[PDB]
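Per the UniProt record's numbering, the sequence shown runs over residues 8 to 89.
Every residue, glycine too, gets a C-beta built ideally from N, C-alpha and C.
Accompanying notes for the structure given below.
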Amino acid sequence: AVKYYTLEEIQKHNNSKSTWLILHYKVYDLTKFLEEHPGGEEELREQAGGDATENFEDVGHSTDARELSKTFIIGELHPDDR
Ligand code: HEM
Numbered sequence: 008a009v010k011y012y013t014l015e016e017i018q019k020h021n022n023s024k025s026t027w028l029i030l031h032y033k034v035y036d037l038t039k040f041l042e043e044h045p046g047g048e049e050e051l052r053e054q055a056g057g058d059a060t061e062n063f064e065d066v067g068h069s070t071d072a073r074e075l076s077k078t079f080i081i082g083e084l085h086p087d088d089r
């Protein structure tokens, strides 16, 4: 099965206890990854609650970074909001 989240609910996760963001229509919970991210935590916090696909691709993440990102997926963006 697959869990779908709306933009409305995703935007609520942008505080000190929860950081979610969207990449290629998939929703990632990066709350616990903030301090481990090689690119710093500020880059992630600034995009929290929204779509960071362009920023993610603009920096050009490696294959290893992309494989690791998969472990943080919690669902997808509801089709109605795409
Ligand atoms: C899905 C979660 C993400 C993962 C797993 C991740 C992982 C990593 C890793 C492993 C690196 C080291 C270099 C590489 O392997 O490419 C990196 C660098 C970086 N990341 Fe991320 N990243 C994620 C999301 C993002 C997002 C959303 C942004 C920006 C909005 C961002 C901005 C950067 C920057 C600025 C660097 C530094 C690149 C440089 O040294 O020029 N990352 N990230």
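Can you give me the C-alpha to C-alpha distance between residue i and residue j, rounded to a whole angstrom?
{"i": "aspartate 88", "j": "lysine 19", "result": "16 angstroms"}
{"i": "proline 45", "j": "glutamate 15", "result": "29 angstroms"}
{"i": "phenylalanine 40", "j": "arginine 73", "result": "14 angstroms"}
{"i": "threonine 78", "j": "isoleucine 17", "result": "18 angstroms"}
In its own chain, which residues sit with a C-beta less than 8 angstroms from the C-beta of residue i, not counting the 5 before and 5 after it?
{"i": "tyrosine 11", "result": "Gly82, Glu83, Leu84, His85, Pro86"}
{"i": "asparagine 62", "result": "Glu50, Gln54"}
Rounded C-beta distance between residue i and residue j? I'm assuming under 8 angstroms.
{"i": "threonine 13", "j": "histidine 31", "result": "Wrong, their Cβ atoms sit about 17 angstroms apart, outside the cutoff."}
Between which residues of its own chain and residue i is the CB-CB distance below 7 angstroms, once the five residues before and five after are set aside?
{"i": "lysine 33", "result": "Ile80, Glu83"}
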